[PDB]
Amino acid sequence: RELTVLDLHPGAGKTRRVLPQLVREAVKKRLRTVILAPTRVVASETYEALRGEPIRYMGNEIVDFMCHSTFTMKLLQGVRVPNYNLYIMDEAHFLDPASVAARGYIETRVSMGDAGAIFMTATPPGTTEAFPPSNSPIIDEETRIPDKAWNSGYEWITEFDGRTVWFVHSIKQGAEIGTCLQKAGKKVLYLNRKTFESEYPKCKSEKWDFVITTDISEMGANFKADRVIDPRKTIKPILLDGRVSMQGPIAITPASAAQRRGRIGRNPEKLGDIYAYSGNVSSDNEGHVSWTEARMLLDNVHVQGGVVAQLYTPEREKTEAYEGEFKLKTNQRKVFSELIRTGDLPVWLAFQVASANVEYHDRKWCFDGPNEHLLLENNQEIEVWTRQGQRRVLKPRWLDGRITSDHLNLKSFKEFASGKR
């Protein structure tokens, strides 16, 4: 029947209260259901909250449970996914192309009449509120926030008795800020897409003063913190002139701001929680590669009894691609899939390689581009050594700035260019 959007503000208990109720009534109604979590960690949390329920986390059960990206990857690979009666997407505002594509596929199943769906998020796609409601009042304090280490000033930061979550725009900025705080005698934990599963439980088991986080904490983290610091900055990949550039620091979206702020004001009985922020929010993200990558995915997903899925309705404005534009042949699509799935390449990059008819195992495109595509890190070229042991610098045929945007991406691309995966 329905695509229901339920806008539960942060702390409303989507996962702990609402979702278990929804799963109970889906089981009672004998609805074949999937629950889509944005991340593995959220998935694990959600599984706990749903103990006692007949859930298959990816005897007999009618309710499945997996990540957004697992879901659309299965669709990309042509491995059969059930004709679900009910799709529940948690954190349905997530902007990763895999989530955006999943949204579009699901609205297509609902529109075809195969299923109902529920999209759960504090900040629904199309809505624009940066100061949503909270369990407890939040003090919004517009202020001056350092973008680098400081020798003096900003005493409001260090003269504070409680726990602060500080959102930075990169691992590198987080390193410079956290060390400055450690120098000032503060106990600090660092959270990024890598270090999360080791350092996140330490938010509980350990005493701390500051958590320095990337946008990884934007969904996926219950802190018992007293303050959030948010300069509202991100670095985003932009498509222009047949290449992807990292641009920033630039303003985050209202949805991200709301989620950052939403880390606090979640205990009804505790009043002094503070949101310390600067800068404005922006919806002008049409240049973001994400929207194109979502189409590259959706153009390569078969829908039984249908045609190419369009993006979720309020997100269709974000791209001008015609449908089927990024459609690949069978073998090319196979290469595209694995370049993303196993190679860990960004979607846009995986698309250029595959559509050029390069085989998965053939990594010469990583070295034989034009001189203008020489990759640099700390202002220097990157010497690699291939499987045969070859003196080659990184210089890809297609330039995606994400290769060198941080050390995790570069290490991963170096391994790929070497023929490791």
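One-based numbering along the sequence shown.
> Should the segment between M58 and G59 be described as having none, 1 to 3, 4 to 9, or 10 or more unmodelled residues of the deposited sequence?
Gap size class: 4 to 9 residues without coordinates, per the record.
> Averaging only over Cα atoms, indicate whether 21 to 29 or 398 to 406 has the higher B-factor in the PDB entry.
Comparing 21 to 29 with 398 to 406, the higher average CA B-factor belongs to 21 to 29.
> Should the higher mean CA B-factor in the entry be assigned to 198 to 206 or to 239 to 247?
Taking the mean B-factor of the alpha carbons in each, 198 to 206 is higher.
> From the list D140, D230, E155, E218, select the residue with the highest C-alpha B factor recorded in the entry.
By C-alpha B-factor in the record, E218 ranks first.
> Pick out which of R260, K224, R341, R333 has the highest C-alpha B-factor in the PDB entry.
Each of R260, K224, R341, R333 was compared by C-alpha B-factor; the highest is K224.
> Grab the CA temperature factor for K318 from the record and place it in the lowest, middle or highest third of its chain.
Within its chain, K318 is a highest-third residue by C-alpha B-factor, going by the deposited values.
> Against its chain's modelled residues, does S282's Cα B factor rank lowest, middle or highest third?
Answer is highest: the recorded C-alpha B-factor places it there.
> Grab the CA temperature factor for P125 from the record and place it in the lowest, middle or highest third of its chain.
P125: CA B-factor falls in the highest third of its chain.
> Looking at the entry's B-factor column for C-alpha atoms only, identify whether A98 ranks in the lowest, middle or highest third of its chain.
Its C-alpha B-factor, which the entry lists for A98, ranks in the lowest third among residues of this chain.
> Relative to the other modelled residues in the chain, which third contains the C-alpha temperature factor of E48: lowest, middle or highest?
For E48, whose C-alpha B-factor we compare with every modelled residue in the chain, the answer is the highest third.
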